[PDB]
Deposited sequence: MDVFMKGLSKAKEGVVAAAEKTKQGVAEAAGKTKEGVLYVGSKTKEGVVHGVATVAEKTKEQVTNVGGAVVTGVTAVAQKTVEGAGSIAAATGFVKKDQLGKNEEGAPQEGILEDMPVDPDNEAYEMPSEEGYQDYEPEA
């Protein structure tokens, strides 16, 4: 049917951030709806959602997402 496979087989500076905020409003991945049917949110990676957000060397391997929404098939 719906298959997702991922494999990770292996034969194994300065980043300054200076901030100053006042009255910050932040939204990340958002899904606002009204009279819908499904609301699927699959996160395989990273979602950094700061007022001050820093990400370093974040996602290094084998992501796999398989989604199937609906399919009435009457």
Residues of the deposited sequence that never got C-alpha coordinates are 1-13, 26-35, 98-140
